[PDB]
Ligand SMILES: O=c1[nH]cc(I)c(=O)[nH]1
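Next up: just one chain, as structure tokens, the form solved without the ligand.
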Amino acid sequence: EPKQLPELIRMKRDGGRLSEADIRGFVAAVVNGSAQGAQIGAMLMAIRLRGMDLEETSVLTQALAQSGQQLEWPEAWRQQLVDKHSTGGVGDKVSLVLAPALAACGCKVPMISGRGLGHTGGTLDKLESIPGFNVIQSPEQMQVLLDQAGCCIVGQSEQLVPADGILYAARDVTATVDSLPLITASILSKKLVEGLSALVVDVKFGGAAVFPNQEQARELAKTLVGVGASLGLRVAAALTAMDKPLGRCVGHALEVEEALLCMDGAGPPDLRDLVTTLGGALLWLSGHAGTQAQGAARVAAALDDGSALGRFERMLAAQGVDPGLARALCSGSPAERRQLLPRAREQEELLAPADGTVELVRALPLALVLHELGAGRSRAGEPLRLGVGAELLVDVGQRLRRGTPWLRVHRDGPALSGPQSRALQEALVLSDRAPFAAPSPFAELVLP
């Protein structure tokens, strides 16, 4: 029954299970206001150090979900509601494209997304690079968006998965993100509130992924598919590598550009690879395409013929962006899009030390330095340096020459410190091996 908050915390601290009553009451305290900051962090920490189990976990997610509302849409759309959701992520703008992609493929995507988590920027912050983009819509507005645009991207609020919003902000600045339960709940809860026909989850592994260990990551996959099943959700989880940044831009505004470059015609191969791959899965899974190949084939199609660029345009406008700016952003050249989005003060470039063959660029050192540069959050509720970020000037598998520039840093301060500099420079790994074509960051596809 109603136990005082400090008491539930004492229980988890002591490795005790939380009852459905206990989890619920807690969730409520968090949304109703009673629960104080130091209390929410304490609990998150306790959880990050004693975990929970299938039930508590399943209970948590399930509750979080109902802290707010659930959406209901015209029965017409039903079989067309789909969504994908990542975990880790350094430079993962897939969402910024796969959304309008699917919307061009006749699907409706009601995306409840999020902000940077730990050292992994969020697709919600990235969108806020676009001037006037509102990530907060009421269910009502959302339904207008899936009608006009077919898709939309919004974050937690007073009506949607409220409690998740409270924790998710804390998780990131409390060093309480890497927890299978808090992860499973955080994700499933949002996607639940949407009520989708099919749902694909992006589970990163290696390098800069929340859970580095491939297998210990593959579990997180069978898990989200696990609980997700029970909750009554069709869930497909795919393990994709995260040792190097997806694409060539890590940041916010920079990333919004490398996304437009995709819809345009095509930018980075890996970026496209996943958008089509994951996209084709959703169509197959939602039973909207013969096989994944066919599925994936239609998405690629969207990419190549301006569809996604169109859907995307309606979307920005539909979500607060000055119509004019939006036609300018999409029909704009890359040079235009640069002068229209947030740019950092100065920007230097790291040169190649030795002749050699780019083996890979270390994602973690990057994300970590850029974080220190204002591309990451230090303490919830704070602005973000949206211009700041980084550009990969060489592509993995290729051969570069000593002295050539391989990475450009956009910073808002008067310079990089010694530690930050060395950090960057060593994130570059060179071999004498012969140049080669980059592999797909896509590994397996855990099914339900």
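Don't overthink the numbering: it's just position in the shown sequence, from 1.
FYI, the form solved in complex with the ligand isn't displayed, but the following is about it.
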Notebook entry, point to check: Is the binding site on this chain open or blocked for the ligand after its pose in the deposited bound form is superimposed by the nearby C-alphas, counting blocked as 3 or more ligand atoms within 2.4 Å of backbone or C-beta?
Noted result: open
Notebook entry, point to check: Using a 4.5 Å cut on heavy atoms, which of 142, 104, 177, 303 is close to the ligand in the deposited bound form?
Noted result: 177
Item checked: The single option of 281, 117, 318, 235 touching the ligand in the deposited bound form, heavy atom within 4.5 Å -> 117
Check: Looking at the ligand in the deposited bound form, do all three of 129, 259 and 312 come within 4.5 Å of it through at least one heavy atom?
Finding: no
Notebook entry, point to check: Counting only non-hydrogen atoms, which stretch in 68-76, 250-258, 355-363, 180-188 is within 4.5 Å of the ligand in the deposited bound form?
Noted result: 180-188
Check: Closest heavy atom of residue 86 to the ligand in the deposited bound form, within 4.5 Å or not?
Finding: yes
Next item on the list: Check whether residue 171 has any heavy atom within 4.5 Å of a heavy atom of the ligand in the deposited bound form, and answer yes or no.
Entry: yes
Check: Even though the ligand is not shown here, does residue 210 get within 4.5 Å of it in the deposited bound form, heavy atoms only?
Finding: yes
Next item on the list: Enumerate the residues of 227-244 that have a non-hydrogen atom within 4.5 Å of the ligand in the deposited bound form, in sequence order, or give none.
Entry: none
